[PDB]
Enquirer: 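Take a look at this one; I'll ask things after.
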Number of protein chains: 2
Amino acid sequence: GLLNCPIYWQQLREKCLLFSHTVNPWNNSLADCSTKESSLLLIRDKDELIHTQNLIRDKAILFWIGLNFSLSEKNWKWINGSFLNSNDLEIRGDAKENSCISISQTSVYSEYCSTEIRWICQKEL
Amino acid sequence: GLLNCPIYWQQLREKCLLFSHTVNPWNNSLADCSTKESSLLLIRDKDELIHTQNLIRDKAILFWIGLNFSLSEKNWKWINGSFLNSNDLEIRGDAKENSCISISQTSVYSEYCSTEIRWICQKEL
Ligand SMILES: *[C@@H]1O[C@H](CO)[C@@H](O[C@@H]2O[C@H](CO)[C@@H](O[C@@H]3O[C@H](CO[C@H]4O[C@H](CO[C@H]5O[C@H](CO)[C@@H](O)[C@H](O)[C@@H]5O)[C@@H](O)[C@H](O[C@H]5O[C@H](CO)[C@@H](O)[C@H](O)[C@@H]5O)[C@@H]4O)[C@@H](O)[C@H](O[C@H]4O[C@H](CO)[C@@H](O)[C@H](O)[C@@H]4O)[C@@H]3O)[C@H](O)[C@H]2NC(C)=O)[C@H](O)[C@H]1NC(C)=O
Ligand SMILES: *[C@@H]1O[C@H](CO)[C@@H](O[C@@H]2O[C@H](CO)[C@@H](O[C@@H]3O[C@H](CO[C@H]4O[C@H](CO)[C@@H](O)[C@H](O)[C@@H]4O)[C@@H](O)[C@H](O[C@H]4O[C@H](CO)[C@@H](O)[C@H](O)[C@@H]4O)[C@@H]3O)[C@H](O)[C@H]2NC(C)=O)[C@H](O)[C@H]1NC(C)=O
Ligand SMILES: *[C@@H]1O[C@H](CO)[C@@H](O)[C@H](O)[C@H]1NC(C)=O
Ligand SMILES: *[C@@H]1O[C@H](CO)[C@@H](O)[C@H](O)[C@H]1NC(C)=O
């Protein structure tokens, strides 16, 4: 309609973002984004990370993004099928089985996938 | 925007559907639909099931849908958070840990989630 994104979603450059108000493990967070016809957040580079983090007020809160550890392939894999291609995100913590990536306003963390935290969905413009 | 659905997608009543041409285990199929800003297929009732199956040519091919076995409740659960609420799907096979639901032209089957088969994504009009 008037603006680019659905009501309640925040535009950032060429995406619309939804920050959740409730918590979930990573697999449920993926299911929620898919239910909302959307992707878990994908982050291209440090520039995108910083601008996304700049939307967040509370520095302590963690949010799932669409990146987790593929044990068979021994590397971080985006839900879009691509492996993580740099160290731009500077993930803090262990690259191991049943780990998933979260972000805060300040940092990027490996967290166990069962951890219940908020999540960010995106829709591309 | 001549027609309702994106190119390659098939309209069916008030949805756009995408039948995959490659295979994946169920979790990766969910990740694909989410990447495509879409849900794994949800099926309301027998009528939707039959109308969707009517789109399938090959009688031998299975497609994941957005329904799997949630161990805590021992119940089939849709990815939108709701539990299965009829027997309209007449699910064949066992309701047990690590099972997910697939459809063929003729039937609805419980399959192990790791099984590599096609999948169906949807967008609501
Ligand atoms: C799933 O989602 C994920 C997340 O969104 C997505 O992953 C991102 O995918 C994109 C696209 O593939 C990645 O971006 C690409 O990055 C390539 C690598 O870029 C880095 O390295 C470049 C080369 O550096 C070396 O060589 C040069 C000499 O040539 C030298 O100077 C260097 O010192 C070094 O030795 C480098 O140029 C590049 O630097 C530029 O960009 C950075 C951004 O951080 C910035 O400092 C400046 O802008 C600088 O100029 C960077 O360090 C890159 O080659 C590639 O670029 C080509 O493609 C794009 C478009 O795709 C064109 O714009 C460009 O002209 C080139 O043709 C592209 O930018 C990105 O890194 C991923 N991010 C992560 C975190 O994984 C997946 O793709 C998604 N998958 C699907 C299927 O959708
Ligand atoms: C997640 O996605 C799924 C799939 O699309 C949705 O699941 C459907 O949800 C709808 C709406 O809640 C369900 O519809 C309900 O089905 C009940 C069971 O009906 C069958 O079984 C009885 C057996 O006696 C038959 O009589 C009946 O004909 C069906 O074969 C109904 O009882 C419900 O009835 C409604 O109307 C009646 C009369 O008007 C009243 O009792 C109530 O007012 C009631 O509203 C209702 O029709 C449907 O069964 C679900 N399908 C499946 C396969 O699970 C989820 O809704 C969706 N979730 C979210 C959050 O979006
Ligand atoms: C799905 O599960 C397999 C094995 O458990 C794993 O290798 C794959 O990366 C998972 N996919 C996603 C998107 O989490
Ligand atoms: C996520 O995993 C949990 C624990 O295994 C399970 O209860 C839940 O139903 C899963 N979600 C989906 C969408 O499969």
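Counting starts at 1 for both ligands and their atoms, following the listed order. Proteins come first, then strands; the chains are lettered A, B, ... in the order of their sequence lines, and each starts at number 1.
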Enquirer: Any side-chain heavy atom of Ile101(B) within less than 4.5 Å of one from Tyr109(B)?
Expert: no
Enquirer: Is the shortest distance from atom 2 (O) of ligand 3 to a protein heavy atom below 4.0 Å?
Expert: yes
Enquirer: Of all the atoms in ligand 3, which lie at a distance below 4.0 Å from a heavy atom belonging to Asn27(B)?
Expert: 1 (C), 2 (O), 3 (C), 8 (C), 10 (C), 11 (N), 12 (C), 14 (O)
Enquirer: Run the numbers for me: atoms of ligand 3, each under 4.0 Å from some heavy atom of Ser70(A), listed by number.
Expert: 7 (O), 9 (O)
Enquirer: With no hydrogens and no angle check, just 3.5 Å: does a side-chain donor-acceptor pair link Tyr112(B) and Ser114(B)?
Expert: no
Enquirer: Is any side-chain heavy atom of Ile79(A) less than 4.5 Å from a side-chain heavy atom of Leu67(A)?
Expert: no
Enquirer: Are any non-hydrogen protein atoms located under 4.0 Å from atom 5 (O) of ligand 4?
Expert: no
Enquirer: Please check if the distance between the ring centroids of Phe69(B) and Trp76(B) is under 6.0 Å.
Expert: yes
Enquirer: Return yes if a side-chain donor-acceptor contact under 3.5 Å exists between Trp26(B) and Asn68(B), otherwise no.
Expert: no
Enquirer: Hey, which atoms in ligand 3 end up nearer than 4.0 Å to a heavy atom of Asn68(A)?
Expert: 14 (O)
Enquirer: List the atom of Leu55(A), the atom of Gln10(A), and the distance in Å for their closest heavy-atom pair.
Expert: CD1-CG, 3.8 Å
Enquirer: Got a salt bridge between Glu48(A) and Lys15(A), using NZ or NE/NH1/NH2 to carboxylate O under 4.0 Å?
Expert: yes
Enquirer: Kindly indicate whether atom 10 (C) of ligand 4 is approached by any protein heavy atom to under 4.0 angstrom.
Expert: yes
Enquirer: Going by the order shown, which atoms of ligand 3 are within less than 4.0 Å of some heavy atom of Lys77(A)?
Expert: 9 (O)
Enquirer: Relative to the heavy atoms of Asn28(B), which atoms of ligand 3 are at a distance of less than 4.0 Å?
Expert: 1 (C), 8 (C), 10 (C), 11 (N), 12 (C), 13 (C)
Enquirer: Can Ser72(A) be said to touch ligand 3, with heavy atoms closer than 4.0 Å?
Expert: yes
Enquirer: I need the minimum non-hydrogen distance between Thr22(B) and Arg118(B), along with the two atoms involved.
Expert: O-CG, 3.5 Å
Enquirer: For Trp64(B) and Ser102(B), work out which heavy atoms get closest and say how close.
Expert: CE3-CB, 4.0 Å
Enquirer: Does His51(B) form a side-chain contact (heavy atoms from CB on, under 4.5 Å) with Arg13(B)? I'd like the steps, not just the answer.
Expert: CA-CA 9 Å; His51(B) 282 91; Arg13(B) 297 172 167 155; 2.9 Å; yes
Enquirer: Enumerate the atoms of ligand 3 whose separation from the nearest heavy atom of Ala31(B) is less than 4.0 angstrom.
Expert: 13 (C)
Enquirer: In order of chain and number, which residues sit within 4.0 Å of ligand 2 by heavy atom?
Expert: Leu42(B), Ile43(B), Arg44(B), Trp78(B), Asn80(B), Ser82(B), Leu84(B), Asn85(B), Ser86(B), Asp88(B)
Enquirer: Return each pair, listed once, that meets disulfide bond (SG atoms under 2.5 Å apart) where at least one residue sits in residues 18-67 of chain A; pairs must be two or more places apart or across chains.
Expert: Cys33(A)-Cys121(A)
